[PDB]
Amino acid sequence: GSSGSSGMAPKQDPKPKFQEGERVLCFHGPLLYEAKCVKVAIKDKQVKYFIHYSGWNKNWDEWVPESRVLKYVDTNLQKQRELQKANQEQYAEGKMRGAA
């Protein structure tokens, strides 16, 4: 969407930043995990987004706020990577190795 940014809005719930289908980075602990915006809900005066952990299908999916999601941009990547590399073992723990 490319166009001018002009238009007032009433006193209604806030608008989200990320869109469904767009690849984003969710925060599921001391490490970032690749995910995509499944849905976008708004309540309790906060905007959330149904994340879908790519790692495993329907992996106990959970709802996350707008601060727990990243724009999956270079900047954001700089971290997601720093962590994924900072702690390998931990990241591996839990997962079922294989496919060697």
# chains A, B, ... in the order shown; residues from 1 in each chain; ligands from 1
call {"tool": "residues_around", "arguments": {"residues": "region 23-36 of chain A", "least_positions_apart": "2", "cutoff": "12 Å", "atoms": "only C-alpha atoms", "output": "PyMOL selection string"}}
result
chain A and resi 17-21+38-40+48-92
call {"tool": "write_last_selection", "arguments": {"atoms": "C-alpha atoms", "output": "PDB file, in the first residue's frame"}}
result
ATOM      1  CA  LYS A  17       0.944  -2.602  12.185  1.00  0.00           C
ATOM      2  CA  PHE A  18       1.551  -6.113  10.853  1.00  0.00           C
ATOM      3  CA  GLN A  19      -0.699  -7.924   8.379  1.00  0.00           C
ATOM      4  CA  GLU A  20      -1.836 -11.546   8.127  1.00  0.00           C
ATOM      5  CA  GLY A  21       0.442 -13.695   5.988  1.00  0.00           C
ATOM      6  CA  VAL A  38      -1.996 -15.831  11.286  1.00  0.00           C
ATOM      7  CA  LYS A  39      -4.584 -13.429  12.696  1.00  0.00           C
ATOM      8  CA  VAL A  40      -4.931  -9.957  14.212  1.00  0.00           C
ATOM      9  CA  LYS A  48      -2.406  -9.013  19.375  1.00  0.00           C
ATOM     10  CA  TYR A  49      -1.592 -11.326  16.468  1.00  0.00           C
ATOM     11  CA  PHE A  50      -2.110 -15.083  16.167  1.00  0.00           C
ATOM     12  CA  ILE A  51       1.423 -16.346  15.549  1.00  0.00           C
ATOM     13  CA  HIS A  52       2.148 -19.686  13.877  1.00  0.00           C
ATOM     14  CA  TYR A  53       5.508 -21.212  14.798  1.00  0.00           C
ATOM     15  CA  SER A  54       6.991 -22.434  11.515  1.00  0.00           C
ATOM     16  CA  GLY A  55       9.189 -24.966  13.286  1.00  0.00           C
ATOM     17  CA  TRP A  56       6.285 -27.321  13.942  1.00  0.00           C
ATOM     18  CA  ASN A  57       2.738 -27.217  12.573  1.00  0.00           C
ATOM     19  CA  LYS A  58       0.111 -26.158  15.113  1.00  0.00           C
ATOM     20  CA  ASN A  59       2.847 -26.131  17.757  1.00  0.00           C
ATOM     21  CA  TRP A  60       0.713 -25.025  20.706  1.00  0.00           C
ATOM     22  CA  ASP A  61       0.142 -21.784  18.799  1.00  0.00           C
ATOM     23  CA  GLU A  62      -0.333 -18.740  21.030  1.00  0.00           C
ATOM     24  CA  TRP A  63      -1.433 -15.108  20.772  1.00  0.00           C
ATOM     25  CA  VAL A  64       1.168 -12.344  21.021  1.00  0.00           C
ATOM     26  CA  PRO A  65       1.027  -8.533  21.340  1.00  0.00           C
ATOM     27  CA  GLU A  66       2.408  -5.969  18.894  1.00  0.00           C
ATOM     28  CA  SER A  67       5.663  -5.642  20.834  1.00  0.00           C
ATOM     29  CA  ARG A  68       6.399  -9.371  20.674  1.00  0.00           C
ATOM     30  CA  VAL A  69       6.243  -9.277  16.874  1.00  0.00           C
ATOM     31  CA  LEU A  70       8.926  -7.855  14.585  1.00  0.00           C
ATOM     32  CA  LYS A  71       8.800  -6.498  11.034  1.00  0.00           C
ATOM     33  CA  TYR A  72      11.262  -9.228  10.058  1.00  0.00           C
ATOM     34  CA  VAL A  73      13.602  -6.516   8.782  1.00  0.00           C
ATOM     35  CA  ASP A  74      17.401  -6.427   8.636  1.00  0.00           C
ATOM     36  CA  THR A  75      17.559  -4.685  12.014  1.00  0.00           C
ATOM     37  CA  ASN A  76      15.262  -7.244  13.641  1.00  0.00           C
ATOM     38  CA  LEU A  77      17.207 -10.030  11.930  1.00  0.00           C
ATOM     39  CA  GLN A  78      20.466  -8.794  13.453  1.00  0.00           C
ATOM     40  CA  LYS A  79      19.037  -9.993  16.768  1.00  0.00           C
ATOM     41  CA  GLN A  80      17.005 -13.079  15.866  1.00  0.00           C
ATOM     42  CA  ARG A  81      20.333 -14.328  14.514  1.00  0.00           C
ATOM     43  CA  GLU A  82      22.520 -13.127  17.386  1.00  0.00           C
ATOM     44  CA  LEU A  83      20.322 -15.179  19.716  1.00  0.00           C
ATOM     45  CA  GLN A  84      19.860 -18.243  17.510  1.00  0.00           C
ATOM     46  CA  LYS A  85      23.658 -18.347  17.319  1.00  0.00           C
ATOM     47  CA  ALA A  86      24.370 -17.108  20.843  1.00  0.00           C
ATOM     48  CA  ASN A  87      22.722 -20.215  22.291  1.00  0.00           C
ATOM     49  CA  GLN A  88      22.684 -23.292  20.056  1.00  0.00           C
ATOM     50  CA  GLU A  89      22.270 -26.141  22.541  1.00  0.00           C
ATOM     51  CA  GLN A  90      19.400 -24.457  24.384  1.00  0.00           C
ATOM     52  CA  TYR A  91      17.666 -23.806  21.064  1.00  0.00           C
ATOM     53  CA  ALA A  92      18.151 -27.472  20.173  1.00  0.00           C
TER      54      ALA A  92
END
call {"tool": "select_by_dssp", "arguments": {"residues": "region 7-93 of chain A", "states": "strand (DSSP E or B)", "output": "list in words"}}
result
residues 23, 24, 25, 26, 27, 32, 33, 34, 35, 36, 37, 38, 39, 40, 41, 42, 43, 46, 47, 48, 49, 50, 51, 63 and 64 of chain A
call {"tool": "select_by_dssp", "arguments": {"residues": "chain A", "states": "helix (DSSP H, G or I)", "output": "ChimeraX atom specification"}}
result
/A:74-86,88-92
call {"tool": "atom_distance", "arguments": {"atom1": "CA of residue 22 (chain A)", "atom2": "CA of residue 42 (chain A)"}}
result
17.8 Å
